[PDB]
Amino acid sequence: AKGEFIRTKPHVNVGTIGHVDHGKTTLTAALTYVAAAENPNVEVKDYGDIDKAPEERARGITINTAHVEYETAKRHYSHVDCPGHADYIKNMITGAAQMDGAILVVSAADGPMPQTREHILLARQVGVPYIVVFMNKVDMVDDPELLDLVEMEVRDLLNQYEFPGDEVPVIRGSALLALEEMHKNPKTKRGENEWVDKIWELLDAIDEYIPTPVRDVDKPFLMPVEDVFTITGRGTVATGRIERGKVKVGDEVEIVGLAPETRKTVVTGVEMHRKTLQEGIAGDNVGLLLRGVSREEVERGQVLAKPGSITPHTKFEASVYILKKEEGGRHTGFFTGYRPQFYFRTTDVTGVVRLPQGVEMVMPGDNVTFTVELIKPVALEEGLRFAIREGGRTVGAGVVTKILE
């Protein structure tokens, strides 16, 4: 008769991002294990429990995001483990759309790779405010001077995308060794093992660097949909991180974006990690039960909002920076008619570029402003950041400056 989520401690959303195989998943399992040893609430999550799909089992990689909860002495967490493969960045963006802070995982053996800087840029344009790096796989590095070099380059990479690279906490360690340790003896506490302690160093960094975001509960409700489930006996459920406002049961909301209609529905449920919540407020990784709505009347990319608060749009001008050749972007310029993919929070959508009279071409590494017309409407705001991806690579990072309509 179920289990309510009591706000004993402040809740913050986190996740793991970084190049493929750098360790994101192992560290996630490691986090739940060490945190559990101290806090008995944390349900342990093993590597197999993270990458559970058969494609992930055989192919040996994280293809879609995984949601895991744990907590320290100070705050509760909702951890979203992201894919590092270049082919599945589409899903990496969706995870970053729910992070109040992100853990940048960088293998000491390889250093900052293509998806390292790619996730920095992307996470930024999807809302991720602060970052906590974690030099993983130190157990494979002999020369200490090399680890210094790794740390230095990761700081430069953060400062390249306007993050506070010099102030960002860089915790060296080894997720594999810490996880292994937690298996042999799960009673292990702080100060008992050096590898386990390096993970506690991490939890402490998260606790002290990533602040508990200012909650905008005074603004109109807005809940970017991240996932849609079909729960037997209950109905259709939407999940995501509340951006602003609050939501108690019996509240009416609109499903805006990716559809001509602006469907209405009443909420018959609200839960934070399988736990019923009184009323989910901003920063909550909820799960709302939508009345009358079917398994396909709502989808990721849309947005649950206060009825009337948002009116979906398609046209808009924005200030954009086209990535350079050596940033994983284009090597050739483009013109009007170019139809790339645009990313606004949990939304991916094709749009057409309309260059202004006076400009004919746009070269890589140029900061330019232009109009865009999406093939579908979506919750847009002046100031909202976004991404432009095409051909498997990110090509531009922009900011909405005026909604044409």
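Counting begins at 1, following the sequence as shown.
Margin query: On mean Cα temperature factor in this entry, is 257 to 265 or 162 to 170 the higher one?
Written below: Comparing 257 to 265 with 162 to 170, the higher average CA B-factor belongs to 257 to 265.
Check: Where do the C-alpha atoms have the higher mean temperature factor in this entry, in 124 to 132 or in 272 to 280?
Finding: Between 124 to 132 and 272 to 280, it is 272 to 280.
Next item on the list: Select one of 34, 378, 58, 352: the residue whose C-alpha shows the highest B-factor in the crystal structure entry.
Entry: Of the candidates given, the C-alpha B-factor peaks at 58.
Margin query: Between 371, 62, 347, 28, which one tops the list for Cα B-factor in this entry?
Written below: Top of the list by C-alpha B-factor: 62.
Next item on the list: Determine, from the deposited record, the chain-internal third of the Cα B-factor for residue 11: lowest, middle or highest.
Entry: Middle third by C-alpha B-factor.
Margin query: Lowest, middle or highest third: which one holds residue 220 when the chain's residues are ordered by CA B-factor from the entry?
Written below: CA B-factor rank for residue 220: middle third.
Notebook entry, point to check: Taking the entry's C-alpha B-factors for this chain, is residue 311 in the lowest, middle or highest third?
Noted result: Within its chain, residue 311 is a middle-third residue by C-alpha B-factor, going by the deposited values.
Next item on the list: Grab the CA temperature factor for residue 285 from the record and place it in the lowest, middle or highest third of its chain.
Entry: Its C-alpha B-factor belongs to the middle third of this chain's values.
Next item on the list: Give the position of residue 229 by CA B-factor within its chain, expressed as the lowest, middle or highest third.
Entry: According to the entry, residue 229 has a C-alpha B-factor in the chain's highest third.
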